[PDB]
Amino acid sequence: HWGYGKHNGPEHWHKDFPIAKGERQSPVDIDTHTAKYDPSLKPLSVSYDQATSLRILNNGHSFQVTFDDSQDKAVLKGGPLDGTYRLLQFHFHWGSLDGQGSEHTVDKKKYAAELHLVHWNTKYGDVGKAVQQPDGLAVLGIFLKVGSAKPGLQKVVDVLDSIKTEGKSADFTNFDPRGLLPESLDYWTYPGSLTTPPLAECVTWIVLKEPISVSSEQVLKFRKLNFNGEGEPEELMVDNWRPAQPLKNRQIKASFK
Ligand SMILES: [Zn+2]
């Protein structure tokens, strides 16, 4: 069973998931000087006004907030995407200390955390089918730096004590993910993969340039979560990030000059 430790972490994943060594793996370092501005890229359309959050869950690798994706309520369109992508869930990756935690890096800089909003292409009908397609998923990635608090994150922070260990969930209705977005929707994009098993090469990555700021107290609460189930030896859920993978034959494109 895979994880982030010495004996089951990212450098082991290829044994159960050989696509780990594939041609379009994520995350990557974003070399800002090499990314080409693409004037044909559209602004991203984030339509989250009718989002319906359902539950918050500790899945043993991260925590996730899940949405009703049975209709087009919270959708991502435009940008590099063709078609409509439904929001299924968001989750985070973070570090043991503020100098690591993000999956993507920017000129090798690591952020304290990274938010992933996972969306699937409605033309494939369900997420299981979408992960089998090269354009099945769109993941919007947002960097977190530590400074001022993010008010729209606090409702999430405050319930994490109720989902400390793997398998715990709670109701998490009426959460508005618009409160997690930075001012600018300027972005980089590239074709990649899921960053956790099964590492499927089904993702159009959209990584926002502008980080959000969160407070030290907010990120400290992430670090109190446990990878373990209740009753097992306590192992803090920290450093749940995959390192940058080889870019290979890919171009990262920027929406902005
Ligand atoms: Zn992720």
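The sequence shown begins at 4 in the entry's author numbering and counts up one residue at a time.
In this text, a Cβ means the ideal position worked out from N, Cα and C, and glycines have one as well.
Start and end residues, alpha helix (DSSP H) containing residue i
{"i": "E220", "result": "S219 to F225"}
{"i": "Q157", "result": "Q157 to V160"}
Through-space distance from residue j to residue i, alpha-carbon basis
{"i": "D174", "j": "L57", "result": "6 Å"}
{"i": "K132", "j": "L140", "result": "10 Å"}
{"i": "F95", "j": "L147", "result": "10 Å"}
{"i": "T207", "j": "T192", "result": "7 Å"}
{"i": "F230", "j": "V241", "result": "8 Å"}
{"i": "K167", "j": "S43", "result": "45 Å"}
{"i": "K76", "j": "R89", "result": "7 Å"}
{"i": "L163", "j": "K224", "result": "7 Å"}
{"i": "residue 276", "j": "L228", "result": "Because the chain here runs from 4 to 260, residue 276 falls outside it and cannot be looked at."}
Contact test: residue i Cβ vs ligand 2 heavy atom, cutoff 6 Å
{"i": "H107", "result": "The model depicted lacks ligand 2 and carries ligand 1 instead."}
Any non-hydrogen atom of ligand 1 closer than 6 Å to residue i Cβ
{"i": "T198", "result": "yes"}
{"i": "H119", "result": "yes"}
Opening and closing residue of the beta strand (DSSP E) in which residue i lies
{"i": "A133", "result": "From DSSP, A133 is part of no beta strand (DSSP E) but of the alpha helix (DSSP H) over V130 to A133."}
{"i": "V121", "result": "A116 to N124"}
{"i": "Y193", "result": "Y190 to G195"}
{"i": "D174", "result": "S172 to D174"}
{"i": "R245", "result": "No beta strand (DSSP E) contains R245, which DSSP labels as neither H nor E."}
{"i": "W208", "result": "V206 to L211"}
{"i": "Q67", "result": "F66 to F70"}
{"i": "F146", "result": "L140 to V149"}
Per-residue DSSP class, three states only, for residue i
{"i": "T87", "result": "coil"}
{"i": "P180", "result": "helix"}
{"i": "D34", "result": "coil"}
{"i": "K18", "result": "helix"}
{"i": "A23", "result": "helix"}
{"i": "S99", "result": "coil"}
{"i": "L228", "result": "coil"}
{"i": "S56", "result": "strand"}
{"i": "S48", "result": "strand"}
{"i": "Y7", "result": "coil"}
{"i": "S43", "result": "coil"}
Cβ neighbours of residue i in the same chain (closer than 6 Å, five flanking residues each side left out)
{"i": "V159", "result": "none"}
Close-in-space but distant-in-sequence residues of the same chain around residue i (CB under 8 Å, 5 per side omitted)
{"i": "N252", "result": "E26"}
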